[PDB]
Amino acid sequence: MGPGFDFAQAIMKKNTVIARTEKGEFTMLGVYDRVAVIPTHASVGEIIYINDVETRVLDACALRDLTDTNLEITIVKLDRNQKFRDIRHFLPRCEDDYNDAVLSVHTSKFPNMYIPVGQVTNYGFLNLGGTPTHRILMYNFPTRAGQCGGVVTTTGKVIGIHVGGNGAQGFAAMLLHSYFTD
């Protein structure tokens, strides 16, 4: 509807796949080459479904900060026959607050879904499902089951992936450029 939705759509149409694990269907952001991200609670194993195709997982790493605190991001390398458009230049270098973000989701249940979530706070610490978690972004939108893995963008930046909510607020794990240096 506006330039925020334009940037979000451009990311969704080229840099997402539908990922299915034993724990459900997730929006999955492809970052570069065969490297993608998903919330760590997806519990990626040795085999994942990507757009309903059985795919070997070549590597999966659940990220933690240097305090050994959960970040809720898993970086997955997929045995896929095709590379993602490289979007690393759209990743922030530092922890930050944002104005006017969009949360975008694409699954079997919620195709072509875009949500203007408004102001994004650098919230920091969250007890997420009982797990101490750092680098959390917060938005005042009542997000629901089925939006985990959704991409959070502003114009020109891909800033996080949705990992939870409390009924009134939604929470995303930060994406930082330093997670994807090769």
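Each residue takes its place number in the sequence, starting with 1. When reading the values below, keep in mind they use all heavy atoms of this one structure, side chains included, and skip hydrogens, waters and symmetry mates.
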Could you go through the side chain to side chain contact (heavy atoms under 4.5 Å, CB included) check for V151 and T27 one step at a time? CA-CA 8 Å; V151 186; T27 301; 4.3 Å; yes
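Residues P39 and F26 come closest through the heavy atom pair CD-CD2, 4.2 Å. Between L71 and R64, the closest heavy-atom pair is CD1-C, 3.5 Å. A pairwise comparison of heavy atoms in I75 and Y179 identifies CD1-O, 3.5 Å as the closest pair. Nearest heavy-atom pair across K23 and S43 is NZ-OG, 2.9 Å. Pairing each heavy atom of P132 with each of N70, the nearest pair is O-CB, 3.4 Å. The minimum heavy-atom distance linking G170 with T143 is given by the pair CA-OG1, 3.4 Å.
Classified by interplanar angle (parallel below 30°, tilted 30° to 60°, perpendicular above 60°), the ring pair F180/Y32 is perpendicular.
Looking at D97 and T121, their side chains never bring a donor and an acceptor atom within 3.5 Å of each other. Residues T74 and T40 bring a donor and an acceptor atom of their side chains to less than 3.5 Å of each other.
Using a distance-only test at 3.5 Å, with no hydrogens or angles considered, no donor-acceptor pair links the side chain of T67 to the main chain of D65. Of the possible donor and acceptor atoms, none in the side chain of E72 sits under 3.5 Å from a partner among the backbone N and O of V163.
Under a hydrophobic-cluster definition in which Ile, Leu, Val, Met, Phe, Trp and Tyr are linked whenever side-chain heavy atoms come within less than 4.5 Å, directly or via other members, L78 and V35 are assigned to different clusters. A single hydrophobic cluster is not seen to contain both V53 and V17; linkage of ILVMFWY side chains at heavy-atom distances under 4.5 Å, directly or through other members, places them apart.
Salt bridge status for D33 with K77: absent, with no side-chain N to carboxylate O gap under 4.0 Å. The pair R135-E95 meets the salt-bridge criterion, with a side-chain N (NZ, NE, NH1 or NH2) lying under 4.0 Å from an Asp/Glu carboxylate O.
Ring centroid separation for the pair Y139 and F171 does not come in under the 6.0 Å cut-off.
The CD1 atom of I136 lies 9.5 Å from the OH atom of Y123; values are rounded to the nearest 0.5 Å. For the atom pair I159 CD1 and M174 CE, the distance stands at 8.0 Å (nearest 0.5 Å). Remark: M28 CE to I18 CD1 distance equals 11.5 Å, nearest 0.5 Å.
Applying the side-chain hydrogen bond (donor to acceptor under 3.5 Å, both in side chains) test to every pair with at least one member in residues 107-117, sequence neighbours left out, gives these pairs: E25-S108.
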